Amino acid sequence: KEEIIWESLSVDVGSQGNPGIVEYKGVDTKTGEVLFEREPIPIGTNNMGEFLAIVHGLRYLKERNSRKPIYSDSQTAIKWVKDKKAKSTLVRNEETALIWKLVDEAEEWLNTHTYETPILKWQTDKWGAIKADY
RNA sequence: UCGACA
DNA sequence: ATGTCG
Ligand SMILES: [Ca+2]
Ligand SMILES: [Ca+2]
């Protein structure tokens with residue numbers, strides 16, 4: 001019955017408002033050790049943050065030759081990564097430039113690299129808050 | 001239009 | 001509010 005794979009990486013987004021200030025980080029699911037944390041972005045959506053978090057985790061694991069899976073509680077982000085396309089509705093303008101810039105580069109990375117990293121759904125309703133929660 | 005879920 | 005799905 002979906003055992004928690006503790007040998008994995010968990011990521012999550014943190015924000016102040018939605019859309020609003022967004023940041024994300026990845027931790028060791030087992031210990032909670034923070035493996036990476038993104039500098040806050042002035043304005044972005046929760047989902048863009050969830051999305052960027054997985055893609056960065058994907059890059060973090062690849063460059064370290066790790067086959068560990070990644071846990072995300074975002075149904076949306078998980079699909080965006082699966083499709084290699086972040087279907088965000090956030091308006092594109094001077095204010096949202098940076099976030100979209102990161103989202104586009106994330107998509108670009110996905111479309112130019114390969115990986116076998118399993119992207120798993122973290123079940124908050126059963127296991128509590130994802131370990132990388134803010 | 002109605003809702004379900006993350 | 002952001003998103004997917006029927
Ligand atoms: Ca989350
Ligand atoms: Ca959270």
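Letters A, B, ... are given to chains in the order of the sequence lines, protein chains preceding strands, and every chain is numbered from 1. The basis for the numbers below is simple: all heavy atoms, side chains too, and nothing from hydrogens, waters or symmetry mates.
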Practice task
Evaluate whether atom CD of A/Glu37 has more than 12 neighbouring non-hydrogen atoms of other residues, nucleotides or ligands under 6.0 angstrom away.
Solution key: yes
Handout entry: Donor-acceptor contact present, side-chain A/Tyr134 to main-chain A/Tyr24, <3.5 Å
Key = yes
Handout entry: Pairing annotation in dot-bracket form, given for RNA chain B with Watson-Crick or G-U pairs under 3.5 Å and | for cross-strand partners
Key = .|||||
Problem - Shortest non-hydrogen contact between A/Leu98 and A/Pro42, atoms and distance - result: CD2-CD, 4.2 Å
Problem - Contact letters for nucleotides 1-6 of chain C, in which S counts primed atoms plus P, OP1 and OP2 and B counts the base, heavy atoms under 4.0 Å - result: BBBBS-
Problem - Rounded distance in Å - CG (A/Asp73) to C1' (B/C5) - result: 13 Å
Practice task
Under the side chain to side chain contact (heavy atoms under 4.5 Å, CB included) rule, what do A/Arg59 and A/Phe36 come out as? Steps first, then yes or no, please.
Solution key: CA-CA 11 Å; A/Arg59 300 183 69 182; A/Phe36 66 75; over 6 Å; no
Handout entry: Atom CD of A/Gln123 with >12 non-hydrogen neighbours under 6.0 angstrom
Key = yes
Fill in the blank from the handout: Closest non-hydrogen contact found for A/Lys131 with A/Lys30 is NZ-O, 3.0 Å
Problem - Heavy-atom closest contact (A/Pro69 atom, A/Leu120 atom, distance) - result: CB-CD1, 3.7 Å
Practice task
For residues A/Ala132 and A/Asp12, report the shortest heavy-atom separation together with the two atoms involved.
Solution key: O-CB, 3.5 Å
